[PDB]
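**Q** Got a sequence here, can you model it:
(chains A, B, C, D, E, F and G)
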Amino acid sequence: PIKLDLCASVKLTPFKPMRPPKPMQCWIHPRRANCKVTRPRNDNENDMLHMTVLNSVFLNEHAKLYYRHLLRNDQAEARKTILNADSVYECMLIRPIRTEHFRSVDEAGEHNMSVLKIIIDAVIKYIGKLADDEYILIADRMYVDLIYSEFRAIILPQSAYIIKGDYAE
Amino acid sequence: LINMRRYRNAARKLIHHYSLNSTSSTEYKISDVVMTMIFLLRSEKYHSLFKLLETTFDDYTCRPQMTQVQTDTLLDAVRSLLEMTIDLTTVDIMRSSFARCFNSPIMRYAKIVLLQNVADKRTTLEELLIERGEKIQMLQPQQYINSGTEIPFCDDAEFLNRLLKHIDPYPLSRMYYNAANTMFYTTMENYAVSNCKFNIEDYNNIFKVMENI
Amino acid sequence: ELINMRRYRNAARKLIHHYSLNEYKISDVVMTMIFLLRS
Amino acid sequence: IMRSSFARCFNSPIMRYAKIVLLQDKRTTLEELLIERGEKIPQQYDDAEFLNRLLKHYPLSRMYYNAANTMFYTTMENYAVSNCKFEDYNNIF
Amino acid sequence: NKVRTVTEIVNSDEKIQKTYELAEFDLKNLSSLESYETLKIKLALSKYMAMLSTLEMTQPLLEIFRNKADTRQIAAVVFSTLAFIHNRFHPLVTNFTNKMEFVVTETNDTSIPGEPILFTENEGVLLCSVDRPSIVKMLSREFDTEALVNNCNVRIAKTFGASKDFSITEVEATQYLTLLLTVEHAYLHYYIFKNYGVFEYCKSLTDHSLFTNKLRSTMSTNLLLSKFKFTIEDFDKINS
Amino acid sequence: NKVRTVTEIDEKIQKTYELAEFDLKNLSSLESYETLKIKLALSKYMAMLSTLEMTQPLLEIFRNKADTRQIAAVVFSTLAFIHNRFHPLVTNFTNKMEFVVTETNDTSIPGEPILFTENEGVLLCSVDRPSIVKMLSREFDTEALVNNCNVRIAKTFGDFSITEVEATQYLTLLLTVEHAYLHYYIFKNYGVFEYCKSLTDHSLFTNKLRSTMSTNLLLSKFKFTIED
Amino acid sequence: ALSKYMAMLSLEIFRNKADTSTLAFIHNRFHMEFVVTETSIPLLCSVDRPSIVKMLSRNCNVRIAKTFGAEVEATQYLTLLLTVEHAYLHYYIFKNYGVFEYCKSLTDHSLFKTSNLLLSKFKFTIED
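**A** Residues are numbered from 1 along each chain as shown, chains lettered A, B, ... in the order given. Below you will find the coordinate block:
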């Protein structure tokens, strides 16, 4: 569904440059279709990678997927964006130790309060990297998605929006 | 009453697979492990191994302990069931296999694993090699073959032909399978005992190099 | 006692109960079948 | 089981403090290497048939090849050990 | 693909055309190749075992290895095996460095995983590390000489088209194959050593992919192992 | 990278050479040379200490709560030696130097126990001897080794009273007075303003040293950091 | 020439370090104190013996018609001879041009009877 200002305003088929994964599922987020688990075919006993399918709307003016603006000292081994037309794909490389695995925030029900402490520390410093006059909006839910092992917590890609304020001194 | 023949067969094959002595490969079902362990519960002589496999149901971090005569009793029992010599590392292999089995819940398919749950301070290959090289350099080479010693090629053509006919029925592909599997078994157990991370990736890079050349 | 019979009772009970219904582990089946065998 | 839980608890590391960890281009010009070497620089004081037999006892191209690559590789080794920067070699040959 | 050869006579336009499925002839080529490879492998093994017998090996290899005391025999057999391998890569060459030494490792403290056989020159000559316990357990490994190991249609085709004394079984054939393969890998390591230095020996040991770099140049110009391809069952998932 | 050389007399035979081996040999020679030079400098300096008739060990030179004369002697010796290090032509310091030996935390500034602030007529060196003793009050782990995998494994496969511990203290004092000498250089070059600025941000030493020193250093042999 | 040099000879000499006619033969082809070093540039005659050790140690139709009609020491020796011949060339520069010109020849070899010499009979090249 594409038109043009041309007088004919021809229909332009939105060809997708890449080839998105066919098995679009994730045992970490089975319900989340956009969540595609891919344990890289390789502590490496638990090496990890996962691609999230998002809409390019969460992209900024400088071609950057909004949530990435508050990631520093990114514990995630690798992470970057991709686009196949409107759709987009964030793939994150990770590798816990043999005795370490990461688990979806969904339905965690975790009783270890200190694990919750580390998770909340990660998210709070994340959002702290925000600018005071800058306001943020999330379009998927009233929270932030994240996956985490007891040893460390790794943010998930998010339906993030970056709107800048202007305080008239 | 039950069929001690089938129970013995199941127990023997299962230990052969766990010990990696048998290059043979066969899928085992829950029925098979039930068969083997019921055999153990029936084998009064092997009831020592039975208590060991009962204790393996525990935290699986424990290392069981037993007196020396209890040890040679266990070794004689396992040697009798195997009718192979055998050693305590085989016993540790048995125990680790039992633990890794129990903690694994039922699934529609078999999960292919690597040998772990052994010993305790994680070790790399590099310093392992350092230690090996140091000790071997400190050890005198007990042998000495001098000169460019002649190769005693058996020039007897009919001897080679009788060898050939005698090995012709051999399915060499099975020979590849058995040899490669035994090589892998020894390599991986030596990694596990050394507590050095076995690197299956470069092990396969060996096959990749073979394919390239 | 060769096998602490309490956990054997409990495992057998819960496994057969879930089967009648229609979470477990192979070791659980082992304990239930040995519960049986002892009984 | 609770004993093993305590065992693993005992087998957990505790807090430490920060530590200054350790971690282990320019090619020396010919002039100073040669200066030092020379500064650091005495101990000792026809047959036709045999020639033919020597001759009969080898691809010449491959033989010169092996010798020349030997000498070149040894020269590169000498440069590397000396840190020395390496065309004059072609002037030799 | 297909070839339609024309048979005719120039006297008249009468022409005849036969399509020829090249697949059958490619299959004949493949079958001849596999038969030849099997024969060459089996004859290499025959030569190796025959020269072992001429090496006055009385007790089969298995209890040669069980023999702790007779390190003379261990050195002789390892030297002969490595000689045979180098001759395979170098048919012209049949003898080695004048002086040779052999050192045996009899414990985990002395035996390394992956490469039970090693070398580390004493700076004047190369010494042959050999882990007797590792090969002892290797051969002690029960063997599967009964269960055959593996396109279905071509498999049926080769089946049906296939129109199927000193005391030795196929088990010792497995044993000698395993010895030759282990010594082959070790000898490749030592080729890397002799050809590029001890540092390069070490790195190739740490990275067998470097054998591709150093032997795709030389060896391929092949391996006994290269007859077949080898991998790990469901390696893909295994990797993850 | 790869550098292939073609040798031929039409029969052409081309060999390939790997520059990695040349880089390896070059590096190994470099580290061996640098370690040798560093140990030579250490030996030379501790030898001129021995000729400094210090019949009592350096730790004892810090047990002298009262005798600051030898404290000044060793400080001047170290400073002139470092000045020779960065100025081999010069083997001596300006005519007069004055020494005050601080003895408390309130008289010792953290990070820079040694300092040079002028009394408006001449520089005075303030050094907290107790702080220096605390430097030397820590046992040194001379038992377990300290730290690429392949290079390391391959290279592994390749009488008066002094101890490794004493060498540790000598290296420590050498590098400490070295840092103090860098501060003094910033002083003598760009005033009170800049030596103080170098003291605050030692990154200032970076831009102030590319001018002279780069045209090297004991500590440059290794690179240091803190974990995670 | 190679066979003549072999004949008058009649790595081991470089193995026995203490054991420290070729030059005269090459002089005849193209027309004195000795010392041996053990540590080496990358009428006294210095000899970088470690370098010499590193040297020494380191148509189908016609063929089918013929069918129907029915060496390491060599490399080592020729390498050693070529090295000794280059040494003789530099010694010749020393004798017939001077000490400084000989050093200039050592540093740069573009500056350079010759037919008998085997070095001029082959070419060696290097590629990036």
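**Q** make it CA atoms for all contacts and neighbour counts henceforth
**A** Noted.
**Q** can you tell me which residues contact the nearest residue to residue E:103 once chain neighbours are set aside?
**A** Spatial nearest neighbour of residue E:103, chain neighbours left out: residue B:141 (4.4 Å); criterion: Cα to Cα, 6 or more residues apart in numbering or on different chains. If you count contacts by Cα atoms under 8 Å, 6 or more residues apart in numbering or on different chains, residue B:141 has them with E:101, E:102, E:103, E:104, E:127.
**Q** any idea which helix or strand carries the residue of chain C found nearest chain D?
**A** Going by Cα to the nearest Cα, chain D is nearest to residue C:7 of chain C, at 14.2 Å. Per DSSP states H and E: residue C:7 is located in helix C:5-21.
**Q** ok, back up a step: can you tell me the closest non-neighbouring residue to the residue of chain C closest to chain D?
**A** residue C:31 (7.7 Å).
**Q** what about residue G:91, distance to chain A?
**A** 62 Å (Cα to the nearest Cα, to the nearest Å).
**Q** Check the gap between that residue and chain D for me.
**A** Residue G:91 is 14 Å from chain D, by Cα to the nearest Cα.
**Q** How about residue B:97?
**A** Residue B:97 is 20 Å from chain D, by Cα to the nearest Cα.
**Q** sec struct for the residue nearest to that residue when sequence neighbours are not counted, please.
**A** Distance criterion Cα to Cα, 6+ apart; nearest residue to residue B:97, sequence neighbours excluded, is residue B:18 at 6.3 Å. Using DSSP: H, G, I helix; E, B strand; the rest coil, the structure places residue B:18 in helix.
**Q** isn't the residue nearest to residue C:7 right up against residue C:11?
**A** Yes - with contact defined as Cα atoms under 8 Å, residue C:31 and residue C:11 form a contacting pair (6.6 Å).
**Q** rewinding a little: pull the residues that contact the helix or strand just after the helix holding residue C:7.
**A** For helix C:5-21, the succeeding helix or strand toward the C-terminus, using DSSP H and E, is helix C:26-38. Helix C:26-38 is contacted by residues B:30, B:34, B:57, B:101-106, C:5, C:7-9, C:11-13, C:15 when judged by Cα under 8 Å, 6+ apart.
**Q** Sort out which of those are buried, if you could.
**A** Among the contacts of helix C:26-38, those classed as buried by neighbour count (16 or more other Cα atoms under 10 Å in any protein chain shown) are B:34, B:57, B:101, B:102, B:103, B:106, C:8, C:9, C:11, C:12, C:15.
**Q** show me what contacts the last one?
**A** Read that as residue C:15. Taking Cα under 8 Å, 6+ apart, we find residue C:15 in contact with C:24, C:28, C:29, C:32.
**Q** how far away is the closest residue to chain F within chain E from residue F:151?
**A** Closest to chain F within chain E is residue E:199: 4.9 Å, counting by Cα to the nearest Cα. Distance of residue E:199 to residue F:151, computed by Cα to Cα, to the nearest Å: 7 Å.
**Q** How about the secondary structure of the closest residue to residue E:20 other than its chain neighbours?
**A** Leaving out its chain neighbours, the residue that sits closest to residue E:20 by Cα to Cα, 6+ apart is residue E:3, at 5.0 Å. Here residue E:3 is strand, with the state taken from three-state DSSP.
**Q** Residue E:3 touches residue E:25, doesn't it?
**A** No - assessed by Cα under 8 Å, residue E:3 is found out of contact with residue E:25, at 11.6 Å.
**Q** Strands of chain E, start to end?
**A** E:2-8, E:15-21, E:100-105, E:118-119, E:127-131 (DSSP state E).
**Q** Just confirm residue A:49 is within a strand.
**A** Yes - looking at residue A:49 with three-state DSSP, it is inside a strand.
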